[PDB]
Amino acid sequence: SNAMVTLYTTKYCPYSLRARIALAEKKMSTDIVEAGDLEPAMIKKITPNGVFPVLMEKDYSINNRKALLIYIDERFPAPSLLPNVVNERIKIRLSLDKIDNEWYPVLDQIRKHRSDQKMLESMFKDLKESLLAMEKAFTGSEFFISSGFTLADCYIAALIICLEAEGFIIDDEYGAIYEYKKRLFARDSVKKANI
């Protein structure tokens, strides 16, 4: 139709929530088409390898997860979702690989190893310590490792929404991190993606 881009998403996927949170922050007019709501034949036409989400424009289509949000940030420049200072931007760009490779797989391990009797219980405890041992390491900044809302916050919000549907909820016990969680969910970009 008249929408600038069409984002084909899949339910309960952090890579789909990431795109939505960013496309909302940019205020780019988007049409959101949920996966599974398509014909099994068309699902193979949009993405031949069933990799979601998919972002389509008139002349271009992209579904690479490691590079999607970096494209949304460069394609729609304002507002900038990367830090303005060089040293700060060089680090966020590394923490993005850290999050994708160190913290997103643990979500899959909560879905995959939900088949082990007492494995989930051991995993919630490990993830809990990983945070509490980090709520003290990080404090005194509005957003994740920066003064402004960044791509790292989209990565994390999407991860927070998906864990929160798997039973792992962030309580007062995460204090510094819980206040950071309350500010994240207050933003309109993260709010449209949570319902």
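Just count from 1 along the sequence shown to find any residue number.
When the mean C-alpha temperature factors of 75-83 and 110-118 are read from the deposited coordinates, 110-118 comes out higher. Look at the mean CA B-factor for 66-74 and for 141-149 in the entry; the higher one is 141-149. Which of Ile156, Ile169, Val51, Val33 has the largest Cα B-factor in the deposited entry comes down to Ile169. In the deposited entry, the Cα temperature factor of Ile195 places it in the highest third of its chain's modelled residues. Per the deposited record, the Cα B-factor of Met42 falls in the highest third when ranked against the other modelled residues of its chain. Among the modelled residues of the chain, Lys91 sits in the middle third by CA temperature factor in this PDB entry.
When the modelled residues of the chain are ordered by C-alpha B-factor, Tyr15 sits in the lowest third. Among all modelled residues in this chain, the alpha-carbon of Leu163 has a temperature factor (C-alpha) in the middle third.
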